[PDB]
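We place every Cβ from the backbone using ideal geometry, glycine too, and count neighbours over all the protein chains shown. Read the figures in this text as sums done on the coordinates, not as results from a lab.
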Amino acid sequence: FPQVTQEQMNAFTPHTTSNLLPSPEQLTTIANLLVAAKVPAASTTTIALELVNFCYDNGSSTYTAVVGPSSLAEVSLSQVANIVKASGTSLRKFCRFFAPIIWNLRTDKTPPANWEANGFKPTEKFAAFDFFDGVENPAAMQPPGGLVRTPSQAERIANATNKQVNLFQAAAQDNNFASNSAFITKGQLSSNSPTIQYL
RNA sequence: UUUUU
């Protein structure tokens with residue numbers, strides 16, 4: 001190895017990606033299938049934003065019942081969300097790409113729908129959506145004039161501590177069985193007692 | 001990776 005010199009560390013191409021966002025190769029196998037849904041060529045970020053806006057109020061699980069007709073084309077959201085659930089990228093991974101834009105578009109104006117009953121205090125309610133780690137990412141699509149306001153520390157602590165509570169609501173309903181068969185599960189649906197409801 | 005109902 002040639003003991004890197006100054007000219008080499010002065011002629012570096014700065015370029016950052018992240019595995020929390022869908023790979024650049026996956027951003028094309030989505031656009032090519034969107035136009036295949038008769039979607040306009042130029043207006044391809046609008047339809048994706050109109051889905052990020054829906055996952056901002058209901059969530060980004062793979063089990064989210066996406067319902068609603070788009071107001072920008074003749075394509076329904078369900079077939080947009082089902083297109084984006086292909087080629088490997090998860091829905092949440094996709095909404096993470098536009099998180100910095102939905103931040104500007106909706107913060108301090110309209111909170112996520114499911115915060116009154118997701119464990120968020122009223123002051124830190126605008127981080128009440130998953131994929132909130134999309135603004136902690138300089139790789140996601142950034143808004144023209146930067147973010148409206150940086151997330152506060154309270155909001156981050158909340159999104160962290162509430163991310164773990166939900167994981168101990170999903171992982172506390174399933175089992176540590178590694179097979180759905182009737183010989184391993186023995187019929188038991190869950191593998192853990194009601195330590196999954198009480199404190 | 002897992003945050004819906």
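Could you please rank A:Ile157, A:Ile101, A:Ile83, placing first whichever residue has the fewest other Cβ atoms within 10 Å of its Cβ?
Lowest count first: A:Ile157, A:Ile83, A:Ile101.
I need the phi-derived Karplus couplings for segment A:15-28: 6.51 cos²θ - 1.76 cosθ + 1.60, θ = phi - 60°, integer Hz, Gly and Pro marked x.
7, 10, 10, 6, 6, 7, 9, x, 4, x, 5, 7, 6, 9
Could you run the Karplus curve 6.51 cos²θ - 1.76 cosθ + 1.60 with θ = phi - 60° over segment A:146-153 and give me ³J(HN,Hα) per residue in whole Hz, x for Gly and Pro?
Listing the rounded values in order: x, 5, 5, 8, 5, x, 6, 5 Hz.
Which ordering of A:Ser193, A:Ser60, A:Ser70 is given by a fewest-first count of other beta-carbon atoms within 10 Å?
Lowest to highest Cβ neighbour count: A:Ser193, A:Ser70, A:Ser60.
Translational diffusion coefficient of segment A:46-157 at 37 °C, 0.692 mPa s, Stokes-Einstein with Kirkwood Rh over Cα pairs, in µm²/s as a whole number.
In µm²/s, the coefficient is 227.
Given the Cα-Cα distance of A:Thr16 and A:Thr44 and 0.36 nm per residue of separation, how much length would full extension add, in nm?
Details: separation 28, 0.36 × 28 = 10.08 nm, distance 2.35 nm.
Fully extending the segment from A:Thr16 to A:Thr44 adds 7.7 nm.
Counting other beta carbons within 10 Å of each residue's own, what order do A:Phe183, A:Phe129 fall into, fewest first? All intermediate terms of the calculation are to be shown ahead of the outcome.
Numbers: A:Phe183 7, A:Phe129 28.
So the residues, fewest neighbours to most, are A:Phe183, A:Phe129.
Diagonalise the Cα gyration tensor of segment A:116-193 and give the resulting equivalent ellipsoid semi-axes, square root of 5 times each eigenvalue, largest first, whole Å.
With the √(5λ) rule applied to segment A:116-193, the semi-axes are 37, 16, 8 Å.
Filter the cross-link list A:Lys38/A:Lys85; A:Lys121/A:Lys186; A:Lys93/A:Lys121; A:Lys93/A:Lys125; A:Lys85/A:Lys163; A:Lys85/A:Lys121 down to pairs whose alpha-carbon distance in this structure exceeds 30 Å.
Details: A:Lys38/A:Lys85 18 Å; A:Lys121/A:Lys186 41 Å; A:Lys93/A:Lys121 26 Å; A:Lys93/A:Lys125 22 Å; A:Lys85/A:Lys163 22 Å; A:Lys85/A:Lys121 32 Å.
Pairs exceeding 30 Å: A:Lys121/A:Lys186; A:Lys85/A:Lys121.
Answer rounded, prolate or oblate for chain A, using the Cα gyration tensor with square roots of eigenvalues a ≥ b ≥ c: rounded when a/c is under 1.5, else prolate when a/b is larger than b/c, else oblate.
Rounded shape, in that the Cα axes give a/c under 1.5.
Add -39500 (n - 2.57) for each DSSP H run of 4 or more in chain A, then divide by its residues: what number comes out at 222 nm, to the nearest 500 deg cm²/dmol?
Dividing the helical sum by the residues of chain A leaves -10000 deg cm²/dmol.
In sequence order, what are the phi-derived ³J(HN,Hα) couplings for segment A:129-136 according to the Karplus relation 6.51 cos²θ - 1.76 cosθ + 1.60 with θ = phi - 60°, rounded to whole Hz, with x for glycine and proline?
3J(HN,Hα) across segment A:129-136, in whole Hz: 10, 5, 6, 5, 6, x, 8, 7.
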